[PDB]
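Quick look at entry02.pdb (PDB, C-alpha atoms):
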```pdb
ATOM      1  CA  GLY A   1     -39.706 -25.040  -6.160
ATOM      2  CA  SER A   2     -35.983 -25.275  -5.453
ATOM      3  CA  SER A   3     -34.849 -27.315  -2.449
ATOM      4  CA  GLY A   4     -31.784 -25.491  -1.163
ATOM      5  CA  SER A   5     -30.786 -22.694  -3.529
ATOM      6  CA  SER A   6     -27.028 -23.211  -3.251
ATOM      7  CA  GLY A   7     -25.097 -20.364  -4.846
ATOM      8  CA  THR A   8     -22.052 -18.131  -4.453
ATOM      9  CA  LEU A   9     -22.324 -14.760  -2.712
ATOM     10  CA  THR A  10     -21.211 -11.664  -4.620
ATOM     11  CA  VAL A  11     -22.291  -8.264  -5.939
ATOM     12  CA  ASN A  12     -21.587  -6.074  -8.967
ATOM     13  CA  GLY A  13     -22.591  -2.753 -10.499
ATOM     14  CA  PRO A  14     -21.741   0.969 -10.397
ATOM     15  CA  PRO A  15     -19.389   2.582  -7.845
ATOM     16  CA  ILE A  16     -21.218   3.089  -4.549
ATOM     17  CA  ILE A  17     -19.984   6.053  -2.512
ATOM     18  CA  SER A  18     -21.247   5.737   1.062
ATOM     19  CA  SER A  19     -19.611   8.845   2.523
ATOM     20  CA  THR A  20     -16.369  10.480   3.656
ATOM     21  CA  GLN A  21     -14.696  10.179   7.057
ATOM     22  CA  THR A  22     -14.118  13.936   7.204
ATOM     23  CA  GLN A  23     -12.977  15.592  10.431
ATOM     24  CA  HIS A  24     -12.502  18.907  12.237
ATOM     25  CA  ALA A  25      -9.636  20.329  10.178
ATOM     26  CA  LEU A  26      -7.565  23.109  11.741
ATOM     27  CA  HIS A  27      -6.521  26.252   9.869
ATOM     28  CA  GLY A  28      -3.073  25.101   8.790
ATOM     29  CA  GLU A  29      -3.233  21.321   9.103
ATOM     30  CA  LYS A  30      -3.925  18.947   6.213
ATOM     31  CA  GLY A  31      -7.631  18.537   5.518
ATOM     32  CA  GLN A  32      -7.804  14.859   4.594
ATOM     33  CA  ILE A  33     -11.141  13.676   3.207
ATOM     34  CA  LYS A  34     -11.179   9.874   3.086
ATOM     35  CA  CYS A  35     -14.026   8.578   0.920
ATOM     36  CA  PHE A  36     -15.566   5.146   1.486
ATOM     37  CA  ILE A  37     -16.092   3.823  -2.039
ATOM     38  CA  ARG A  38     -17.719   0.400  -1.736
ATOM     39  CA  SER A  39     -17.302  -0.182  -5.473
ATOM     40  CA  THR A  40     -16.932  -3.730  -6.792
ATOM     41  CA  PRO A  41     -15.361  -3.886  -9.115
ATOM     42  CA  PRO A  42     -13.689  -0.495  -8.521
ATOM     43  CA  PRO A  43     -14.057   2.501 -10.874
ATOM     44  CA  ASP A  44     -11.704   3.041 -13.812
ATOM     45  CA  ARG A  45     -11.575   6.818 -13.382
ATOM     46  CA  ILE A  46     -12.152   9.254 -10.519
ATOM     47  CA  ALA A  47     -12.265  13.040 -10.183
ATOM     48  CA  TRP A  48     -12.601  15.374  -7.200
ATOM     49  CA  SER A  49     -14.589  18.489  -8.106
ATOM     50  CA  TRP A  50     -16.154  20.979  -5.695
ATOM     51  CA  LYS A  51     -17.110  24.235  -7.413
ATOM     52  CA  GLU A  52     -15.357  24.710 -10.755
ATOM     53  CA  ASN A  53     -12.100  22.863 -10.080
ATOM     54  CA  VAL A  54     -11.449  19.198 -10.862
ATOM     55  CA  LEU A  55      -8.520  17.182  -9.513
ATOM     56  CA  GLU A  56      -8.181  13.732 -11.078
ATOM     57  CA  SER A  57      -4.827  12.834  -9.523
ATOM     58  CA  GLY A  58      -1.518  14.263  -8.345
ATOM     59  CA  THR A  59      -1.025  17.576  -6.557
ATOM     60  CA  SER A  60      -2.489  20.940  -7.557
ATOM     61  CA  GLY A  61      -4.051  23.959  -5.877
ATOM     62  CA  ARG A  62      -2.939  22.669  -2.484
ATOM     63  CA  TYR A  63      -4.859  19.456  -3.162
ATOM     64  CA  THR A  64      -3.411  15.940  -3.229
ATOM     65  CA  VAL A  65      -5.618  13.141  -4.555
ATOM     66  CA  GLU A  66      -4.854   9.502  -3.756
ATOM     67  CA  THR A  67      -6.980   6.439  -4.506
ATOM     68  CA  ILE A  68      -6.717   3.208  -2.519
ATOM     69  CA  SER A  69      -7.926  -0.378  -2.906
ATOM     70  CA  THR A  70      -9.619  -2.165  -0.007
ATOM     71  CA  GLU A  71     -11.139  -5.645   0.204
ATOM     72  CA  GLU A  72     -14.529  -3.936   0.454
ATOM     73  CA  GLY A  73     -13.729  -1.836  -2.600
ATOM     74  CA  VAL A  74     -11.747   1.397  -2.788
ATOM     75  CA  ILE A  75     -11.037   4.610  -0.884
ATOM     76  CA  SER A  76     -10.245   8.017  -2.378
ATOM     77  CA  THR A  77      -8.353  10.242   0.059
ATOM     78  CA  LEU A  78      -7.807  13.938  -0.655
ATOM     79  CA  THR A  79      -5.213  15.874   1.343
ATOM     80  CA  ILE A  80      -4.950  19.661   1.564
ATOM     81  CA  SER A  81      -1.431  21.004   2.091
ATOM     82  CA  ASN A  82      -2.635  24.336   3.476
ATOM     83  CA  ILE A  83      -6.392  24.307   4.067
ATOM     84  CA  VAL A  84      -8.212  27.590   4.674
ATOM     85  CA  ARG A  85     -11.617  28.775   5.886
ATOM     86  CA  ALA A  86     -12.660  28.696   2.229
ATOM     87  CA  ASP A  87     -12.283  24.912   2.284
ATOM     88  CA  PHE A  88     -15.325  24.720   4.560
ATOM     89  CA  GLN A  89     -17.278  27.188   2.426
ATOM     90  CA  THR A  90     -16.422  25.048  -0.600
ATOM     91  CA  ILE A  91     -18.432  21.863  -1.121
ATOM     92  CA  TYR A  92     -16.459  18.774  -2.134
ATOM     93  CA  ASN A  93     -17.765  16.109  -4.513
ATOM     94  CA  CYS A  94     -16.215  12.848  -5.708
ATOM     95  CA  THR A  95     -17.323  11.532  -9.100
ATOM     96  CA  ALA A  96     -16.116   8.019  -9.915
ATOM     97  CA  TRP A  97     -16.596   6.078 -13.150
ATOM     98  CA  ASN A  98     -16.831   2.360 -13.918
ATOM     99  CA  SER A  99     -17.710   0.051 -16.811
ATOM    100  CA  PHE A 100     -20.969  -0.428 -14.909
ATOM    101  CA  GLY A 101     -21.885   3.223 -14.457
ATOM    102  CA  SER A 102     -21.062   6.214 -12.268
ATOM    103  CA  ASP A 103     -21.903   7.983  -9.007
ATOM    104  CA  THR A 104     -21.278  11.138  -6.976
ATOM    105  CA  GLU A 105     -21.284  12.058  -3.287
ATOM    106  CA  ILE A 106     -21.531  15.524  -1.741
ATOM    107  CA  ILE A 107     -19.242  16.430   1.157
ATOM    108  CA  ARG A 108     -19.103  19.619   3.225
ATOM    109  CA  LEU A 109     -15.995  19.868   5.405
ATOM    110  CA  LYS A 110     -17.491  21.499   8.500
ATOM    111  CA  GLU A 111     -15.447  23.850  10.683
ATOM    112  CA  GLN A 112     -14.015  22.968  14.095
ATOM    113  CA  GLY A 113     -16.915  22.852  16.535
ATOM    114  CA  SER A 114     -19.147  19.849  15.891
ATOM    115  CA  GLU A 115     -20.403  18.966  19.370
ATOM    116  CA  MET A 116     -19.717  22.467  20.691
ATOM    117  CA  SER A 117     -22.829  24.609  21.141
ATOM    118  CA  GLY A 118     -20.791  27.481  22.550
ATOM    119  CA  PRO A 119     -21.506  31.207  22.103
ATOM    120  CA  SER A 120     -21.890  31.920  18.387
ATOM    121  CA  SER A 121     -22.326  35.248  16.597
ATOM    122  CA  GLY A 122     -25.903  36.302  15.912
TER     123      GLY A 122
END
```
Turn this file's structure into structure tokens for me.
Amino acid sequence: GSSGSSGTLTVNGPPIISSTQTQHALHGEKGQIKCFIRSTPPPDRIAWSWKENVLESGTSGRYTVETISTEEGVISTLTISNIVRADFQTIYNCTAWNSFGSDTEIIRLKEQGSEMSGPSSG
């Protein structure tokens, strides 16, 4: 056997998308959806598609995509100039790409009222 397997610590492979730090967006405010992409190395391309739309980068349809680079990996933040109820009804999904492979994470921006079990319609 080996007496003291001395070696460097590191990891590689496809882009791993843990989840998004979504929040309780308010009708009117910017619905930012920060994504925790623990990719290493980071992906070469990224696209934000929910239903039939696909925003790679820039600003369009009241959606502003912006990718970041963190020691851990990367973080794709998507801002929404004027978010609407529809936003919640629409499911978000980030699909990144890397020389290693690819991955996708589903995100559903819930509506204000997470820990509020108040009187609901029924």
For residue A:104, list every protein, DNA or RNA residue within 7 Å, evaluated using only C-alpha atoms, and leave out those in the same chain fewer than 6 positions away; present the list as a list in words.
residues 17, 93, 94, 95 and 96 of chain A
Spatial neighbours of stretch 41-53 of chain A, 10 Å, all atoms listed in the file, chain gap at least 4 places, as a VMD selection string
chain A and resid 11 to 16 37 57 61 63 65 to 70 72 to 78 87 90 to 104 106 to 108
Emit as lines of an AutoDock Vina configuration file the padded axis-aligned box for all listed atoms of stretch 32-51 of chain A, 6 Å per side, with centre and edge lengths in Å to one decimal.
```
center_x = -12.8
center_y = 10.2
center_z = -4.6
size_x = 21.9
size_y = 40.1
size_z = 30.4
```
Find the spatial neighbours of stretch 80-84 of chain A, counting all atoms listed in the file, within a cut-off of 7 Å - ignore same-chain residues fewer than 5 positions away - and output them as JSON, numbers by chain.
{"A": [27, 28, 29, 30, 31, 32, 62, 63, 64]}
How would the residues just picked look written out with C-alpha atoms as a tab-separated table (two decimals), keeping the file's coordinate frame?
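Once written, result31.tsv looks like this:
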```tsv
chain	number	residue	atom	x	y	z
A	27	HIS	CA	-6.52	26.25	9.87
A	28	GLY	CA	-3.07	25.10	8.79
A	29	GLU	CA	-3.23	21.32	9.10
A	30	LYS	CA	-3.92	18.95	6.21
A	31	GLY	CA	-7.63	18.54	5.52
A	32	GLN	CA	-7.80	14.86	4.59
A	62	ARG	CA	-2.94	22.67	-2.48
A	63	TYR	CA	-4.86	19.46	-3.16
A	64	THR	CA	-3.41	15.94	-3.23
```
Which of these, A:8, A:79, A:22, A:2, has the shortest distance to residue A:111 once you count all atoms listed in the file?
A:22
So how far away is atom CA of residue A:110 from atom CA of residue A:85, in Å?
9.7 Å
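Taking atom CA of residue A:20 as the reference point, atom CA of residue A:33 is found at 6.1 Å.
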Mind telling me what the PyMOL selection byres ((chain A and resi 114-120) around 12) catches here, as a PyMOL selection string?
chain A and resi 22-25+109-113+121-122
Ref. answer, residues at most 6 Å from (-13.9, 8.7, 3.0) with only C-alpha atoms, as a PyMOL selection string:
chain A and resi 19-21+33-36
Mind giving me the straight-line distance from atom CA of residue A:38 to atom CA of residue A:89 in Å, one decimal?
27.1 Å
